[PDB]
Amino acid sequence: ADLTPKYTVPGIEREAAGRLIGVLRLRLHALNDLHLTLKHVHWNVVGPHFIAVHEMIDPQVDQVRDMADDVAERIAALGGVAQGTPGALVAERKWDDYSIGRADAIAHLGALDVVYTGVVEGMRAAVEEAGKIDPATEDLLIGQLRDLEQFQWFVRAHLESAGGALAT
């Protein structure tokens, strides 16, 4: 439970850095589960929109792996251990595996819209906790939050009507 480090970034108290490390450790499991899950969707989409969807996920895979790197190294700068192994991720995460195997591209985009709502709400909660402890970490998380919301918009636009309502 106690992640207070032995040293942290100058200007931050160790006990406050331990609670920021705990916030970022769960956000790192979320980002690692999200890029594993985006590659799963990339491999297992079918149907007449295959190539478009398959190609559209690949730059988001790369962007999310970059976000996970930068959260992990911020954990390490704050004096903590960035836990990246999948047994830890599955033991500590607060959401279930993505549940779609092979499916049409539009069905996967519906399920990925729900994945991204969980991730965006987790990041928004983490921004608010980080803003009370360290503005440099808060700033890193706010830029990531906006990029994740914009890729959820590309997913949602495929499900959206001319009148601006979402199917899935």
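The first residue of the sequence shown is number 1, and the count goes up from there.
Taking the PDB entry as given, 128-136 carries the higher mean Cα B factor of the two stretches 37-45 and 128-136. Comparing the deposited coordinates for 156-164 and 13-21, the stretch with the larger average C-alpha B-factor is 156-164. As recorded in the PDB entry, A107 shows the highest C-alpha B-factor of the residues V61, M67, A107, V119.
Listed residues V71, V81, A77, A91 were ranked by CA B-factor as deposited; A91 comes out on top.
Per the PDB record, residue ranking by Cα B-factor puts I51 in the highest third of the chain. Among the modelled residues of its chain, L31 has a C-alpha B-factor that falls in the lowest third, as given in the PDB entry. Among the modelled residues of its chain, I100 has a C-alpha B-factor that falls in the highest third, as given in the PDB entry. In the deposited entry, the Cα temperature factor of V114 sits in the middle third of values across the chain's modelled residues.
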